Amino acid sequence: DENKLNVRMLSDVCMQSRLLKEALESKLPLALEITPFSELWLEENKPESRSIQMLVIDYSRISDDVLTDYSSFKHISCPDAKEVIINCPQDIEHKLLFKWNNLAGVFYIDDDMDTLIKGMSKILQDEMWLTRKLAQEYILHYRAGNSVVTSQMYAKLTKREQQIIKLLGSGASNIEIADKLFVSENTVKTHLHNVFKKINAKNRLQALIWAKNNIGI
């Protein structure tokens, strides 16, 4: 429906998902389609993807190897879409949540539907549904001048590889990188191919988008 909010839920399709989809569409002015993380890469360049206004991210189906796929999907098709996490672990580390650049709300593995509908309805009115502590962490962090939280994959790279990535995620060219590290152009090309694991970049654009969101000062 043209009237409704275009929402895309990253999860399995199954009895439960479809039940959830039904439950949401019943009580809120939104049109939800389900797309598994594994299939995200196929939606990246579809025209209808550009119309998503909200991603419902099912944390209980998330994994490190789908993350690069997510980041390039977000940036390519719907960078302005809000993001909402469901099934978040209670004991989750606040800074791990900061990678969701448009995080609008978090719903926890043991939240009931009363809560999901109450929160979702507030998000749809452009409110946030964040916990007090979580809110406080944002403020502390950001207000104190910090932005990106450097991920774990990065810290697992060799020195050459780190240096080469840092630059990439500043938008440097291959040749630009070569010249800053005093190295052959094909040299850096060869490191990047190694770096496309486990960052998991199917290509350069991906990695470059990975870098911008995953490696910070």
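Note that residue numbering follows the sequence shown and begins at 1.
Averaged over their C-alpha atoms, the temperature factors of 161-169 and 53-61 are higher for 161-169. Higher average CA B factor: 150-158, of the stretches 33-41 and 150-158.
Within the group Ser26, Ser184, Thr190, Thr68, the record's highest C-alpha temperature factor is found at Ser184.
Across the options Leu10, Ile199, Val13, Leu19, the residue with the most elevated CA B-factor in the record is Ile199. In this PDB entry, the Cα temperature factor of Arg132 sits in the bottom third of its chain's modelled residues, the lowest group. Annotation for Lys122: C-alpha temperature factor in the lowest third relative to the rest of the modelled chain, per the entry.
Annotation for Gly105: C-alpha temperature factor in the lowest third relative to the rest of the modelled chain, per the entry. Among all modelled residues in this chain, the alpha-carbon of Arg143 has a temperature factor (C-alpha) in the highest third.
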